[PDB]
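Below is one structure; the comments refer to it alone.
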Amino acid sequence: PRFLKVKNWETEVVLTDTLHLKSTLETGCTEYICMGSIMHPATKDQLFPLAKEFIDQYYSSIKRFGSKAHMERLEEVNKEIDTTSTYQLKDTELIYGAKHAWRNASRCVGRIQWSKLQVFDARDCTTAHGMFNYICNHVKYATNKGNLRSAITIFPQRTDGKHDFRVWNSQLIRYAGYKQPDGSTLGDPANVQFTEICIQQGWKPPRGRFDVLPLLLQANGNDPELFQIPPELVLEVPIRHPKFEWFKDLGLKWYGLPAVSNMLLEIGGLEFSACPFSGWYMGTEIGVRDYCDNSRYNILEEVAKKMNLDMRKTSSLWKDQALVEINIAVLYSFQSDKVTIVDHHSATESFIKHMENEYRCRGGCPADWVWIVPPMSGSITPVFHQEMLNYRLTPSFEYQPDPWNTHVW
Amino acid sequence: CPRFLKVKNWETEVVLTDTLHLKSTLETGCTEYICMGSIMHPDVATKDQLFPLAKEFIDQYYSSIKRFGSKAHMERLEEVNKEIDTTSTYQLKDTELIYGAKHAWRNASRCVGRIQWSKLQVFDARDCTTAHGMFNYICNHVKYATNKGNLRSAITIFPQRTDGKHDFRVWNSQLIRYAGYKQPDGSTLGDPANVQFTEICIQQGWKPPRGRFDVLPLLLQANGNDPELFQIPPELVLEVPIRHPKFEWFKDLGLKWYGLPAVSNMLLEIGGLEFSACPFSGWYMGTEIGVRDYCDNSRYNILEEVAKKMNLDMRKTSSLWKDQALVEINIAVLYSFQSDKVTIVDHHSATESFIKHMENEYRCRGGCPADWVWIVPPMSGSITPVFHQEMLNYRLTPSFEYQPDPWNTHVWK
Ligand code: HEM
Ligand code: HEM
Ligand SMILES: Nc1ccc2ccc(CNc3cccc(F)c3)cc2n1
Ligand SMILES: Nc1ccc2ccc(CNc3cccc(F)c3)cc2n1
Ligand SMILES: C[C@H](O)[C@H](O)[C@H]1CNc2nc(N)[nH]c(=O)c2N1
Ligand SMILES: C[C@H](O)[C@H](O)[C@H]1CNc2nc(N)[nH]c(=O)c2N1
Ligand SMILES: [Zn+2]
């Protein structure tokens, strides 16, 4: 139980962390073994302290800790957990809970935006058709003709675990991936399995390189149902390069809206298994990971060829040159089409400013260096030289099992 | 802790099982509730602290040579035990010294070059008594390791710590580094990382040339005495001018670096013994020079000058002019070393070798401690295989450790 200091080795700025003392969940590390690079490390009785903990910090946050209203809410919650084995969040608590889950997301470089989140309460939803409707509205609001706005739509919380709401898509908008007879893959290889599942369910594939997948929506534990997002809601950006006029000939494009739909939102012990949320892209997510991962679109080789680079030895850094150029193209393309995007230099600078804000007003900011540092040009961004402390605060976004591994039809 | 910990590669889907972590010796700084993986740095031992550390090491050693529980093993235990009892310390056999040194490297979680761990030339300097002798040992090390460009890894090991008042120390952070000078106008000439050390050298009597690439003198402390200055013979200092295969103007920048990376301020810990002066050396990965030494803001900081000559649009960050320049600089570094026939390894080759090394270690040893934050290169992270590799970080002994800078602790005579 100590105040812990973090140092930036470039600016020499030292911050003092006290916030970590309030954390209650585990990191996955031990005194003897650090696991910082591992990607994936109820009952009434369990429920009430978790609920009380959350109500406590909520009333503490609006400067009414120990108020009439505070105690009454506590009374109300325990008595509701008692009778029904669960409880329902106030609209105000729901919005607070969702913003703080984003605020506490140690892996997210975009958290300077945390309090600017549009929260859609979908807790009255009963069917997959209703889910589809709420999701269309979410996509339309968030896309906003290219001026993207951060949003989250929250479907009903888990009850018995046999009636979960799940969006089976990993994101609301993604491209299909196809196994070919010659053993190669068409489209996005990361979605090959999901695409097969959709096909089995009756989806008719265009079998192109960038086919927008249908929504697969599961309501109240029932079999998931297929829906086609209205295409006019799906903003895409054809990728071209400001100097290489041949770049457009690659036929590359991407969607404007990154909308993660497979995570679990946890607030006060309650579990929201369906909580698709969205902001906007950092260029490297598309330009580095999506396009250049060997297990993804894997385009480095093709680009470097058109750049006429020497590809015989690795020490020519041909991979590195082509990587920067692809990322220039992505940024240039989005900007030219007036679609919100942020480069990794701008994003990491804001994060450092955000950290400083959080230490000042909250006494800390949980941060996962492994995820915060961008997948290219690491050390020429300020976060590389920033020491971070990682710890788990609630409310939070958590991983959950892929739905096809748990569901019985 | 369970006996089995699994790590996955998200790119190849290969899963490895670690059991070696059970032999972890010290804390990492992390707990169940906080991770300190991005923290840089998170008076002698008694008789009674020393017995178990020596035994732990002797057991490991005899186990490694397939003579565990042998008569020679038991007689070695008894000899060490008595020696600690009668003198409060003990002396390693040459074989144990060599074993321990190599294994400190094998156990270094932040080192991406460990596929080479077993090829390490160990120079035994435990007979050294003076700074002049330290200088002699260091010169021979530099000459051997350099090998006219065909670099060979080596370590030179000076006498272990006794009462803590007779430490041997190399005050230099590396055997070969460039001077930095703070100007009265606030600017820095040379390497800003070395300003403090440079000022100490000047104070001890060094006459600086005051240039951009002045090789610093050795500042050497033997047996707890005040440190002494020596100039490394310049013929022993292999350097490489930096030029570029396409950009003719790149030579005009007047950049050069030294061939031999030789870290000299770490402590080597073997079986509870502490070697406070153990300079070691290998060869460079390009990014160490091209990204950190040259492009860090608090270092040589050349991105802007390079970008201006590439005539890049440097008005928006989103032009990625920094990223563009960074690559060309690293191309030039690699090209210049290769052209001059000086050993160097690019980050693609190094990380690819490390993955294979790590897999071999999981199979033959039951694990390989690794610090992802250090193993992943400072540029192009996700296009190297290590980015996608899960790792477990833990501390095995023998090990290399940080120790306080000696000017903070030294009692001047
Ligand atoms: C608004 C602009 C935003 C930007 C620029 C941004 C940026 C990023 C980036 C680059 C990552 C790493 C992604 C990866 O490599 O897969 C990330 C992770 C993450 N973001 Fe943000 N983000 C934004 C908005 C949001 C919002 C609105 C939420 C939730 C309400 C959120 C929650 C998270 C979470 C939970 C992770 C970690 C996911 C995981 O652990 O798998 N982000 N963010
Ligand atoms: C033979 C070629 C070698 C290569 C290519 C190599 C590569 C590297 C690199 C790139 C780093 C990161 C350094 C930084 O970013 O500042 C590192 C760290 C390290 N290396 Fe290796 N190395 C080599 C040889 C050696 C040898 C011979 C030893 C000791 C016997 C050693 C022990 C270490 C240690 C202890 C660290 C971590 C230092 C710290 O925590 O500050 N390396 N190495
Ligand atoms: N630009 C953003 C905004 C929010 C994000 C939230 C989570 C993730 C994590 N990456 C992820 C998650 C699910 C599916 C997928 F393909 C990537 C990335 C984000 N990227
Ligand atoms: N190429 C190599 C070989 C061995 C290394 C050992 C340690 C370090 C760590 N960097 C370092 C350590 C001390 C002083 C210094 F200036 C740099 C880098 C290496 N780099
Ligand atoms: C092994 C490692 O944990 C894994 O590849 C992580 C590394 N850092 C990352 N960082 C971000 N932002 N996104 C990622 O998917 C990953 N992948
Ligand atoms: C703050 C952070 O831990 C620090 O900048 C680290 C990051 N990773 C590194 N990795 C290597 N190889 N060398 C370094 O000096 C650092 N610095
Ligand atoms: Zn840790």
Side-chain angles (χ1 to χ4, degrees), chain A residues 241 243-244 246-247 292 300-328 376-377 379-380, chain B residues 148-151 212-213 238-261 283-296 299-314 319-353 377-380 383-384:
Chain A
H241 193 284
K243 250 125 269 296
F244 300 139
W246 48 258
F247 200 105
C292 293
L300 278 174
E301 188 186 359
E302 184 171 0
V303 179
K305 278 179 169 193
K306 286 227 146 54
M307 289 178 66
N308 290 323
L309 302 173
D310 187 19
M311 307 174 53
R312 283 187 249 83
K313 285 267 168 58
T314 58
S315 60
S316 75
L317 303 197
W318 64 268
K319 287 199 176 173
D320 314 62
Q321 297 187 252
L323 185 59
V324 176
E325 299 302 337
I326 293 158
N327 281 273
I328 286 173
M376 77 180 282
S377 297
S379 59
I380 63 170
Chain B
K148 302 176 176 265
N150 191 14
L151 315 184
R212 194 176 182 211
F213 297 105
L238 177 53
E239 288 174 305
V240 181
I242 309 315
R243 59 275 195 197
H244 191 286
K246 301 301 180 69
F247 302 138
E248 295 250 34
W249 49 258
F250 202 98
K251 53 164 177 290
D252 301 344
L253 298 176
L255 301 169
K256 68 181 174 180
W257 205 253
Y258 46 91
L260 190 78
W283 54 79
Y284 269 117
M285 182 164 77
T287 52
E288 295 184 77
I289 303 178
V291 186
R292 309 297 313 285
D293 302 329
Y294 280 175
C295 292
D296 273 14
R299 295 295 296 287
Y300 279 87
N301 192 26
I302 66 175
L303 275 178
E304 169 158 355
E305 181 182 15
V306 167
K308 285 206 182 76
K309 285 178 172 290
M310 295 184 48
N311 231 268
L312 303 182
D313 190 330
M314 306 171 45
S319 68
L320 305 191
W321 61 267
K322 280 196 181 169
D323 313 71
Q324 225 158 11
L326 179 73
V327 173
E328 297 291 357
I329 290 163
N330 278 275
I331 289 180
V333 167
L334 285 168
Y335 170 74
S336 303
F337 271 62
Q338 279 161 11
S339 296
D340 279 3
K341 296 195 156 77
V342 177
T343 306
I344 191 164
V345 63
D346 67 79
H347 47 290
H348 301 291
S349 172
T351 56
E352 180 204 23
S353 292
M379 70 181 285
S380 304
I383 59 170
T384 67

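Letters A, B, ... mirror the listed sequences (proteins, then strands); counts begin at 1.
- Scanning all heavy atoms of the two residues, the minimum distance from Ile380(A) to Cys295(B) falls at CG2-CB, 4.5 Å.
- Side-chain contact between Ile328(A) and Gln324(B) is present, with at least one heavy-atom pair separated by less than 4.5 Å.
- Contact record, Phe337(B) with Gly259(B): CE2-CA, 4.1 Å, taken as the closest heavy-atom pair.
- Here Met307(A) contributes atom CE and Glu325(A) contributes atom CD; the two are 4.5 Å apart, rounded to the nearest 0.5 Å.
- Looking at every heavy atom in both residues, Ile289(B) comes nearest to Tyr284(B) through CD1-CD1, 3.6 Å.
- In terms of modelled atom types and a separation under 3.5 Å, the side chain of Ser316(A) and the main chain of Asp310(A) share a donor-acceptor contact.
- Across all non-hydrogen atoms, the minimal contact from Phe250(B) to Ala332(B) is CE2-CB, 3.7 Å.
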- Evaluate the side chain to side chain contact (heavy atoms under 4.5 Å, CB included) criterion for residues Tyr335(B) and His244(B): first the C-alpha distance (whole Å), next the side-chain angles of each, then the deciding distance (0.1 Å), finally the verdict. CA-CA 7 Å; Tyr335(B) 170 74; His244(B) 191 286; 5.8 Å; no
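- Using modelled atom types, one side-chain atom of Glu288(B) and one backbone atom of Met285(B) make a donor-acceptor pair closer than 3.5 Å.
- A heavy-atom distance below 4.5 Å is not found between the side chains of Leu300(A) and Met311(A).
- In this structure, the side chain of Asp346(B) engages the main chain of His348(B) through a donor-acceptor pair within 3.5 Å.
- Not counting sequence neighbours, the partners of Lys308(B) by the salt bridge (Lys or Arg N to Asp or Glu O under 4.0 Å) test are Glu304(B).
- Between the CG atom of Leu151(B) and the CH2 atom of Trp283(B) there is a distance of 7.5 Å, given to the nearest 0.5 Å.
- Atoms CG and NZ, on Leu320(B) and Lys322(B) in that order, are 11.0 Å from each other to the nearest 0.5 Å.
- Distance check: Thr287(B) OG1 to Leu326(B) CG gives 9.5 Å after rounding to the nearest 0.5 Å.
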- Would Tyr300(B) and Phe213(B) count as a ring-ring contact (aromatic ring centres under 6.0 Å, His included) if you check the C-alpha gap in whole Å, the side-chain angles of each, and the deciding distance to 0.1 Å? CA-CA 11 Å; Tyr300(B) 279 87; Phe213(B) 297 105; 5.2 Å; yes
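- Atom CG of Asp296(B) sits about 7.5 Å away from atom CG of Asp293(B), to the nearest 0.5 Å.
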- Chi angles and distances behind the ring-ring contact (aromatic ring centres under 6.0 Å, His included) call for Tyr294(B), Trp257(B): CA-CA 10 Å; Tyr294(B) 280 175; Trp257(B) 205 253; 5.5 Å; yes
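- Judged by distance alone, the side chain of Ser380(B) and the main-chain N or O of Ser377(A) form no donor-acceptor pair under 3.5 Å.
- Residue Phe247(B) holds its CZ atom at 11.0 Å from CG of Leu253(B), rounded to the nearest 0.5 Å.
- Here the closest non-hydrogen pair linking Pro241(B) and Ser336(B) is O-CB, 3.4 Å.
- Across all non-hydrogen atoms, the minimal contact from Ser315(A) to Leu334(B) is O-CD1, 3.7 Å.
- No donor-acceptor contact under 3.5 angstrom links the side chains of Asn330(B) and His347(B), judged on distance only.
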